[PDB]
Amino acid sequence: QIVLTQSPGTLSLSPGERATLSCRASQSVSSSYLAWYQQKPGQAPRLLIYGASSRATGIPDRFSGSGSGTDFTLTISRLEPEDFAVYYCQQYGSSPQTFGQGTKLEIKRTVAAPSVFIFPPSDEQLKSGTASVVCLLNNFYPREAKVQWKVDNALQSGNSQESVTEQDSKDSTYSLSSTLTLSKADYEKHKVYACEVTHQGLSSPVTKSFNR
């Protein structure tokens, strides 16, 4: 219907700075029918602003909204620690009402390179009939990080699944795991199992490998 494209994907800021969130609509939307919502992990959405500029009751003065036509903005003048969450815009002037995909407001910190660990499939699970190779990326920032599997120097796409933790409460870092799943027959076909990681904190890509 109407598509709301929010930008940026993730916004990295320190407490005290000013946050500017963009909501761009695929059609012209009257300013009276745009809303902004805040959602924290595990909680329900909390209404921030309706009518593009009217604050909901109980919302502090640092939240402000503006915009008309196709371009809308949510601005937090001075970020507080409790303002780091996911923010959605919403139009409700054209049926059906639609939301944006959300912008993530994430605490920014110093660049931290990850510790890379690799684990071969356990001998127990090898009995089961399938093989799972796990590559661990421990405590890093920013979240943007490429993880490429190489099996005998062959780029392996299509059989890996990544899982990432939420930003830590103390050091505000992320940890990521990538699981390569194969059959026992295919796992015995090859020899070198490598995990290449590209990150902002790494001068050159680091590779942890083992031999079967």
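One rule holds for the numbers: they count along the sequence shown, beginning at 1.
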Worksheet item: Got a sec? Mean C-alpha B-factor, which is higher, 109-117 or 125-133?
Response: 125-133
Worksheet entry | Higher-B stretch (mean Cα B-factor, as the entry records it), 165-173 or 32-40 | 165-173
Fill in: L79 by Cα B-factor - lowest, middle or highest third of the modelled chain
highest
Response to the item:
Chain thirds by Cα B factor, record data; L155 belongs to the middle
Worksheet entry | Chain-wide C-alpha B factor ranking for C195, given as lowest, middle or highest third | middle
Discussion item. Split into thirds by Cα B-factor across the chain's modelled residues, where does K184 land: lowest, middle or highest?
Written reply: highest
Worksheet entry | Assigned third (lowest, middle, highest) for the C-alpha B factor of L202 | highest
